[PDB]
Every structure is written in structure tokens, then in C-alpha cells.
Amino acid sequence: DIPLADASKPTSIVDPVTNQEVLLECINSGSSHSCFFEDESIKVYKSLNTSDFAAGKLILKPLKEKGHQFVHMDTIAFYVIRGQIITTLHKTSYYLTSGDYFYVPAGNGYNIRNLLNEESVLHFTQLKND
Amino acid sequence: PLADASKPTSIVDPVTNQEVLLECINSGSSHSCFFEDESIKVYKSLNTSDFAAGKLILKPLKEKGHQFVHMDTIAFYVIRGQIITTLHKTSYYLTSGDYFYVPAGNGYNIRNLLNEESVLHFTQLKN
């Protein structure tokens, strides 16, 4: 026994500051997303998005290179759900597969290349710093 | 031109503006931590002073147990499973591909509805 709630509506949670209950979106269920971006090479879904962080999936299209990007004051953590990729941080690059993790430390550049003729999927967590 | 995943990575320090060594990659079966109880298995694969990242495994039909997170926020992504998640006083059905976070100053629980392992990715944001 546990009654369930509607995952599409906000949750009543505790604010540590007020010590009072506030409504907040803490669930992202099904095909809800905050944001979507698509180019020649990638798709990006942001499923969780707050002022502190964001999380979602990065999809590398068949045999495509994400393209070197510089991250600023933020830090991005990745987990490879399914795929075979080559990741470059700064100037060094590594072979990675389903199950591997990596992060991009603030003030660095990274690139990712899809080795498979199928989609590669990565979970990402973006830590917003100022 | 490929490098060794098991050794650190020469990356740029935004403060010193110079190359410093840092561990940025966790490949294969490497992990820093492993925790296991009657219901849970936890692997921490990435760990720094800002955050950590890894996999939470609910054992068949097991309940995690209410735990309070203090000043931390924990983000979850369901890789493969069907679960009931409780945030504060509210409970939700979630399945593969669903996301949720536990905001600082709140309790949460997770109960595995499958007679197989349910697997979540987690990211701790340390305060």
C-alpha cells in the first residue's frame, strides 16, 4: 500500500531555508523535456534543469563528431549508456564504451566522436557555477 | 593517437592557467567506492569535492529505505528498471528513461518492483 501521485505535476517538498513546504518539479517522466537541441551531429535533451544543475541525454548521430567545445565555469559529467566513442579532453583522447564515465573540468575543451553506424547515447550532468 | 584511461589526464587549471594532472576517466570495472546492503549495491565511479557519479542497484523486490539528504542534491536517471520513488511525502511510479532529483533538505525512498535488478545512474552535488 502506497497511493501514487501525478508525475506531470509538481511535488510538495521542504525548503531548508523556510522550513516550509514548497511546490517544485523534481520528476521528469516519459517524454517530457525542458529543452531540445539538434544539429548535423547531435541531439540534446535537457530533462532536469535548475539554477544549480541540469541533466539529460546527448545523442551522437551515426559516425558523427560532436565538435570540440569549450566549457566555461561549469563542469560536465558524462556516462556512456550505449555506444563506442573517442573522447578528447584538452589535447589527449581515449577510447570509451558502454559503461564508462568522464567529466570535463571547468575551463577546458572536449570532443566526442561516434565510432558506430548506430546512435550513441550518453547521460550528462551539467554543474552550473555562477 | 590514443591515451591510457587508467592514468590521469593532463588538463588546464582555470586558476593557474597551466596543465595539471587530474583523474577524469573511469572506464571498465574501475570504481573508487563500493557499498552493499540487503537491498542495495552502490558504485561510485567519479568522485571529487564538488560532485560524485555512479550506479545505484536495487536488488530484486527490495526497498532502499528512507534516507535524508542534508545539504546535498542527488540527481537520478533510471537506466533499466521499474520503481516507486518517494520524495518527502509523495510517491511516484518511474521506469527506464525517467529522471528525478532529491532537493537539499528532504527525504527519499526507492522500491524495486521487478524480480530483477533495477539500475539507476546518480550524481551527488556536494554542498
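Scanning the range B:12-32 for residues that are surrounded by 15 or more Cβ atoms within 10 Å (Cβ to Cβ) and within 24 Å of the chain's Cα centre (by Cα) yields B:22, B:23, B:24, B:25, B:26, B:27, B:31. Across the range A:101-130, the qualifying residues are those that are part of a strand (DSSP E or B) and away from chain B (no Cβ under 11 Å), and the one among them that is surrounded by the fewest Cβ atoms within 10 Å (Cβ to Cβ) is A:111. Of the strands (runs of 3 or more DSSP E) that lie entirely inside the range B:1-45, those containing 2 or more residues that are under 27 Å from residue B:118 (Cα atoms) span B:33-36. If you go through the range A:54-80 and pick out every residue that is facing chain B (nearest Cβ under 8 Å), crowded, with 18+ Cβ neighbours inside 10 Å and without any contact (Cβ under 8 Å) to a residue 60 or more places away in the chain, you end up with 3. The number of residues in the range B:81-90 that are more than 7 Å from chain A (Cβ to nearest Cβ) and part of a strand (DSSP E or B) comes to 4. Scanning the range A:19-47 for residues that are more than 24 Å from residue B:93 (Cβ to Cβ) and more than 10 Å from chain B (Cβ to nearest Cβ) returns A:20, A:35, A:36, A:37, A:38, A:39, A:40, A:41, A:42, A:43, A:44.
With the structure loaded, tell me whether residue A:78 is assigned to a strand (DSSP E or B) and farther than 18 Å from residue B:21 by Cα or whether it fails that test. It is true that residue A:78 is assigned to a strand (DSSP E or B) and farther than 18 Å from residue B:21 by Cα. Within the set A:93, A:51, the sole residue that is more than 10 Å from every other protein chain (Cβ to nearest Cβ), among the hydroxyl-bearing types (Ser, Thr, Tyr) and surrounded by fewer than 20 Cβ atoms within 10 Å (Cβ to Cβ) turns out to be A:51.
Only the coordinates and a few stated rules stand behind these numbers; no lab work does. For neighbour counting, all protein chains shown are included, and Cβ atoms are generated from backbone atoms with ideal geometry for every residue, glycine included.
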